[PDB]
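Shown below, as structure tokens, is a lone chain in the form deposited in one PDB entry; questions about how it binds or moves come after it.
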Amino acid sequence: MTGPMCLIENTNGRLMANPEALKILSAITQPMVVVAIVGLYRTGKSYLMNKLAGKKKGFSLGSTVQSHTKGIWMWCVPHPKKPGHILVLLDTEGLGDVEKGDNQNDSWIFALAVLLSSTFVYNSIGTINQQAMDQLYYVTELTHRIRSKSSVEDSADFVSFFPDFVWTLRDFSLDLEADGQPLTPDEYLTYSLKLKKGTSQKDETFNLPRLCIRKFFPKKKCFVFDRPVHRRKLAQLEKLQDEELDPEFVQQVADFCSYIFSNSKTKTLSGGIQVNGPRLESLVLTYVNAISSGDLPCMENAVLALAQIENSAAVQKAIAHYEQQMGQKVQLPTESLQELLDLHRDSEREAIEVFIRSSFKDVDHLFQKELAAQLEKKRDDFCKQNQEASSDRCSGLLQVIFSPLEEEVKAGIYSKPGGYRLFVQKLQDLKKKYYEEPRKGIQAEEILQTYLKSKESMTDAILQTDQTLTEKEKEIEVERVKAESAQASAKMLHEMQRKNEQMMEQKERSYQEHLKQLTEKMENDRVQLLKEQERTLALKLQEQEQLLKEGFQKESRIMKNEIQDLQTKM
């Protein structure tokens, strides 16, 4: 991207995804660290975001008195500290002072920034006083804009998926002086979010936004920035060189950028899923569609929506893998059914592995069941092709090997004295030849036996004709031939029975292979979820302790409540 592009348009009160932007996202396959900035209009948000892009000329800037950015803009640039990663910068339409009304989608822009980011930067001018905290109603209001799941307490889940929070304070006017040594900006943020005792409406209003920031975001950070230049040059800031700006401001910006580059994490969804272009595109579509539908954007629903897409593709990818492996290894007709089934089993195992590693949230295992159904059909097709190839080969061999004999018999070559011995010897030699032919396939015994049985009268015809054989000797031969026919029948019957057994055995083995890989994936998913829950537990215990140490039992006890509820889910 040579420059930023609008990702979400905001026109006539409607938010809509920019198709051109979605197209760009579909092409970025690398993991993304998403940093979004929000705050009152004209507070230097776009200017600061251009610093992260590390380039002049990026997001367009406005004046110090008029709003500029509209909707949500994105700029995907290579991450300067993480090779193989993309840094996605989201610049947003400046918030208005609610105590003025209008600006309908302010809250939604704010909520989308929270849902789409890895790091959420709240930018304001001044200090953290009552005036500043009143504007944070936008954070308090998140409980009315975002839903964690669809299956006063839903917000208890926010800390598990919300971005890290960074408060950037512009034109900072405090020296932060304190007994001994000055407060650091992070200590100043802690000081600023401390609660006030009391149950009055005023007390509740003071504590609410502070509690929301402390409880909804997993990590908080603060950076202060001095006035960049003299008031008469603020409007030319973009064209000024670092040497023309306050040295401390230049260093503060450098420290902010360094922190972002070193601490902002790859955007992740439940299950450790790392968000890349196609995945972010899905989230944008789902959340914006929800808002456009008059519904609340829901994290759970978005993950599931993403699952639907990737799981469908996973089934197709697995089937493709199966077809490829079978095609590269099969030689028809196969020497035996075991040969074909062994190849099928191996290809199927690899295909299921492809599906398992490419899928997630396959509720009710519906997608894996679909895969199983498709592989079974594929297996049936190969089996049919194999039997057909065998039938063709064996019937062909029958023509090549036995036809000459049949014709000799019809020509009377064996109807002379001593012809029976010559005939039986020739027939045995020909049956041996048939059996020694390579890769006849699974129909070898059935094709031969059916033929030999249909021509049974031939043997008797030659026998009774030969005069060089006594009647007793002929009686012996008739019984010998009857015994050989019965043995040929047994070979055909066993061939039939064994094939059925092998098919049944393969059916059971395939079922067990699916179960094995599924059980293993479910186990891995359980471990990953518990790990995520343990992190949330750690974050909530931490806050509970801070609240108690701060002297607030009423709020600290409320935390213990959320902790108990989390533990019922573990």
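All residue numbers refer to positions in the sequence shown, first residue = 1. For clarity, a rigid core is taken as the largest C-alpha set superposing within 1.5 Å between two forms.
Just so it is clear, the following notes concern the form deposited in another entry, a form of the same protein that is not shown.
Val409 is the only residue from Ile291, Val409, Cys212, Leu343 whose Cα shifts by 2 Å or more between the shown form and the other one, the rigid core being superposed. Once both forms are fitted on their rigid core, the CA atom of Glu99 lies 2 Å or more apart between the shown form and the other one. Relative to this form, in the other entry the C-alpha atoms of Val98 and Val159 separate from one another by 3 angstroms or more.
In contrast to the form presented, in the other entry the C-alpha positions of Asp102 and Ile8 draw closer by 3 Å or more.
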